[PDB]
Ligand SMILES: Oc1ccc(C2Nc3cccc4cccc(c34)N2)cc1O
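Shown below, as structure tokens, is a lone chain in the form deposited without the ligand; questions about how it binds or moves come after it.
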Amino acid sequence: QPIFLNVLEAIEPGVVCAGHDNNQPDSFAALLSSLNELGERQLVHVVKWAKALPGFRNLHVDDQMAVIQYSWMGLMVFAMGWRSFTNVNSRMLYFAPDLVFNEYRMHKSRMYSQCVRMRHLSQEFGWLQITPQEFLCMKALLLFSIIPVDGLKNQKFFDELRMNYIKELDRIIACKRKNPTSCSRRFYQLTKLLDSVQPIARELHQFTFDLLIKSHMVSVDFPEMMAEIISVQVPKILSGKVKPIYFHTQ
């Protein structure tokens, strides 16, 4: 009996509703103000998920908040890619049961090319045959995939933590196979998939940052925590002070 997977599966967040009035015409301001609200709500869930992760309260308290606040985009995109694959066979974007994106909403949001990228990512889940155990490990692993170039308050704890999640992923892959190249292939595949979440998250950091700057001119609302994170933390990523941790060089 695997204690690590039990935990990952126990703490997985439920459904989060976007609060969207689907009875509105699909306007830009309204799709975007709703996505923002989805962001702010999902944040609360990510925090409590992250805090109930194995080894996590180990990290220094400020590092705990830092790594949540750099990594959120990556996490939410990956999950949403999954929700999309499990429900709507990847065909649309399952932001929340009350906020699914069709083509038309992908154009109206004005972030059409990002949505296409998110859709693709979503499809990889099918193409690779990602099991729910792989999904869960990879997603938790994503929490420790982006950090300040000049390290964290307790970087050693962090590096140990991350190493452990990597080895746990290797475990979920390997406790079921036989032939030799099989487990190499697969691990290569997942490290590549995990890597590819980063340029997408980066496109979306740019996007939302831009939006926030021009939100008064455009009637898009940003909730308190989303405002703050996007103006304090995202800029550290955009300017290159915080950076992802790739497995492979691009």
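Residue positions are given as counts along the sequence shown, with the first one as 1.
Note that the form deposited with the ligand bound isn't included here; everything after this is about it.
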query	finding
Any non-hydrogen atom of residue 217 within 4.5 angstroms of the ligand in the deposited complex	no
Partner contact for residue 30 in the deposited complex: the ligand, 4.5 angstroms, heavy atom	no
is_contact(residue 64, the ligand) in the deposited complex, heavy atom dist at most 4.5 Å	yes
is_contact(residue 194, the ligand) in the deposited complex, heavy atom dist at most 4.5 Å	no
Neighbours of the ligand in the deposited complex among 46-70 [non-hydrogen atom within 4.5 angstroms]	47, 51, 61, 64, 65, 68, 69
